[PDB]
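*Asks:* Build me a model:
(chains A and B)
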Amino acid sequence: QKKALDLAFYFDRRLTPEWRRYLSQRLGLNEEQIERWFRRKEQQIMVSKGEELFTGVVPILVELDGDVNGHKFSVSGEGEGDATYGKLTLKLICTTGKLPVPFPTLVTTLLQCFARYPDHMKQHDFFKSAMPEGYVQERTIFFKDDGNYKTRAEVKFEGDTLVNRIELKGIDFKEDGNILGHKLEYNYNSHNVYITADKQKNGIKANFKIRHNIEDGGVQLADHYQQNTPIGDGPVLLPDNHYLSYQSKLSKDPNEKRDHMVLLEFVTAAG
Amino acid sequence: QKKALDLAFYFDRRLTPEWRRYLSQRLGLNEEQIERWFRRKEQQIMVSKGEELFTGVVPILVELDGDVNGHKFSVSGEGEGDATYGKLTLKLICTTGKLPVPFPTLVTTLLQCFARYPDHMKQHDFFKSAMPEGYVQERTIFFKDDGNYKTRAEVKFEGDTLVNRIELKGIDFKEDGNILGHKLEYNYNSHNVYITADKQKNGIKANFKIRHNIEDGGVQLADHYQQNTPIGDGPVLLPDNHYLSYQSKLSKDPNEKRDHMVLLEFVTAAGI
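*Replies:* Residues are numbered from 1 along each chain as shown, chains lettered A, B, ... in the order given. Structure as follows:
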């Protein structure tokens, strides 16, 4: 009755059919009850681990390799994430010269592991649970009446640092359109992103529309379709339906002559 | 000093490169040290885990399904291991009438997890570390101037019962030879079996000779070649070189009508 369950867990958390049956017949407890106890303890540990890895300020490195209608560019970033306050701070610099797209179209692409999940729903935070091996984030971004972005991001710890390498491809863009023609305002609205579980891929998915302000009136729609998949083998947290509430501020560094964006975001989960 | 490792280990026992590199930088320790610390932990745990799983008296079920030279036969048995005393006791009945080989030629085939490892050697006990998922035990047995056995067995827990399930194939056997002709004494010689790690297969191997007494004089050699491989994905204990000392007593159950063998083995690990 209990007690030995702790010991069993300490010995071996790989609840295989054989380990389950063994513990069943050996404790009188039935298999489902053992399954439930194990999954429960696993969750609590998954929660405590994520809290540990994301306590305090976490240094961030970002590398984005881009190609939009053959126009190639690189963007590198650094800054920090403070999940306690749902705070993400980044300075992103285009290193190849002039960014051929407007920076706000890259805002969604440029680390949801930094969201502030309230205590009562920390067991729904997939993004942290994937650490340190990380997760792959893929998105397709459809700009209405214009082309599309496809992105592939790999978010993981490399040592003490949270790293994000991204590859981006954009095709079918209008050279005189809102994107390649630089007709979008340098600002950002608040949005809610709805997260659901992607169980057949052991992760999560989301879709959401960003509204970009066209200069002197009008909106450029950007329709986002997103999928996240764990990279490693460990257990992860699969969330019930919830959402992330975003605020973003875009600014500049007065001393940085290179084409760049300063990004501040606050992210809080549906609690 | 650093109880961080313990907490890290509590959190996540899968020391991937990412987990390793992370823990290294956050704690300021080198990757090797962490690898080492985690390894020493897992070993202590496997040792404790084995002890718990074999602590008092464990029931055993054996089921053998065999065909030597067309002659198909079934042996089934039960008993109990008491690894604390290195002891094993089985009553093995041939469920299909009469056995077409001598029971002594099946002794090695018909549970090395019930060996007694002395405390200073328990980290070398592969057989227990593989439980409860178990291991596959394969052997070829060459009977000099005669046929050969080929065996594959699975030794795994099913509930709290240790189970040995075996397939046996014997070919090229002389019809009036020592085996099919039934010319072997009903007894068994004591000796040592030398274990080595088989790192490639994540398990162990051993070869050894059994000398079976031919009736009225002489000896029938049975050269054993053996390999064991985990069934599960869990970690296992890979031993340094050592041996198991065997003593076997074959007997009969007076009130038992069926063609059978009562086997009792004492098994103790040694070397260092």
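*Asks:* Which strand or helix spans whichever residue of the stretch 1-150 of chain A sits closest to chain B?
*Replies:* Proximity to chain B, evaluated over the stretch 1-150 of chain A using Cβ to the nearest Cβ, is greatest for residue A:25 at 3.5 Å. Using the backbone N, CA and C atoms, a C-beta is placed for each residue, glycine as well. Secondary structure assigned from DSSP states H and E places residue A:25 in helix A:17-27.
*Asks:* Just the residues contacting that helix, thanks.
*Replies:* With Cβ atoms under 8 Å, 6 or more residues apart in numbering or on different chains as the contact definition, helix A:17-27 has outside contacts at A:1, A:4-5, A:8, A:12, A:29-31, A:34-35, B:132-134, B:156-161, B:232.
*Asks:* With adjacent residues omitted, what lies nearest to the residue nearest to the spatial centre of chain A?
*Replies:* Residue closest to the mean C-alpha point of chain A, counted by Cα atoms, centre = their mean, is residue A:112 at 3.2 Å. For residue A:112, ignoring the flanking residues on the chain, the nearest one in space by Cβ to Cβ, 6 or more residues apart in numbering or on different chains is residue A:127 at 4.9 Å.
*Asks:* Kindly report the same for residue A:136.
*Replies:* Closest to residue A:136 by Cβ to Cβ, 6+ apart is residue A:229, at 5.0 Å.
*Asks:* Which elements pack onto the strand or helix carrying the one you found?
*Replies:* Taking DSSP H and E as the definition, residue A:229 sits inside strand A:219-230. In terms of contacts (3 or more Cβ pairs under 8 Å, 6 or more residues apart in numbering or on different chains; DSSP states H and E), strand A:219-230 is packed against strand A:135-143, strand A:191-198, strand A:203-213.
*Asks:* Show me the contact partners of the first one.
*Replies:* The set of residues external to strand A:135-143 that reach it, using Cβ under 8 Å, 6+ apart, is A:105, A:108-109, A:112, A:126-127, A:148-156, A:173, A:177-179, A:203, A:220-231.
*Asks:* List buried residues within these.
*Replies:* Buried members of the contacts of strand A:135-143, counted by 16 or more other Cβ atoms under 10 Å in any protein chain shown: A:105, A:108-109, A:112, A:126-127, A:148-149, A:151, A:153-156, A:173, A:177-179, A:203, A:220, A:222, A:224, A:226-231.
*Asks:* hang on, isn't residue A:118 packed against residue A:271?
*Replies:* Yes - Residue A:118 lies in contact with residue A:271 (Cβ atoms under 8 Å); the separation is 3.3 Å.
*Asks:* rewinding a little: pull the distance from the strand holding residue A:229 to the chain's centre.
*Replies:* 11 Å (Cα atoms, centre = their mean, to the nearest Å).
*Asks:* In contact with residue A:116, which residues?
*Replies:* Contacts of residue A:116 by Cβ under 8 Å, 6+ apart are A:83, A:84, A:85, A:86, A:266, A:267, A:268, A:269.
*Asks:* at 6 Å instead, please
*Replies:* A:86, A:268 (Cβ atoms under 6 Å, 6 or more residues apart in numbering or on different chains).
*Asks:* hey, which helix is longest across chain A?
*Replies:* helix A:31-53 (DSSP state H).
*Asks:* Run the angle between it and helix A:17-27 for me.
*Replies:* 110 degrees (axes from the mean of the first three to the mean of the last three Cα atoms, to 10 degrees).
*Asks:* Does chain B have contacts with helix A:31-53?
*Replies:* Yes - looking at helix A:31-53 against chain B by Cβ under 6 Å from any Cβ of the partner chain, the contacts come from residue A:49.
*Asks:* Which strand residues bridge the residue nearest to residue A:148 when sequence neighbours are not counted?
*Replies:* Nearest residue to residue A:148, sequence neighbours excluded (Cβ to Cβ, 6+ apart): residue A:142, at 5.0 Å. Residues in a beta bridge with residue A:142, per DSSP bridges, are residue A:148, residue A:223.
*Asks:* Residues of the stretch 51-200 of chain A that sit close to chain B?
*Replies:* Residues of the stretch 51-200 of chain A lying near chain B (Cβ under 6 Å from any Cβ): A:132, A:133, A:157, A:159, A:160.
*Asks:* what's the fourth one in contact with, if anything?
*Replies:* The contact partners of residue A:159, by Cβ under 6 Å, 6+ apart, come to B:21, B:25.
*Asks:* ok, back up a step: hang on, the residue nearest to residue A:112 is in a helix, isn't it?
*Replies:* Yes - counting by DSSP: H, G, I helix; E, B strand; the rest coil, residue A:127 is found in a helix.
*Asks:* That one contacts residue A:114, correct?
*Replies:* No - counting by Cβ atoms under 6 Å, residue A:127 stays clear of residue A:114, with 8.1 Å between them.
*Asks:* Next, give phi and psi for residue A:159.
*Replies:* phi 60, psi -140 (degrees, to the nearest 10).
*Asks:* Correction: the previous question concerned residue A:89.
*Replies:* Dihedral angles (degrees, to the nearest 10) for residue A:89: phi -130, psi 130.
*Asks:* Quickly list what it is bridged to.
*Replies:* residue A:80, residue A:264.
*Asks:* Contact partners for it?
*Replies:* Going by Cβ under 6 Å, 6+ apart, the list of residues near residue A:89 reads A:79, A:80, A:264.
*Asks:* Give me the neighbour count for the first one.
*Replies:* By that I understand residue A:79. 20 (other Cβ atoms under 10 Å in any protein chain shown).
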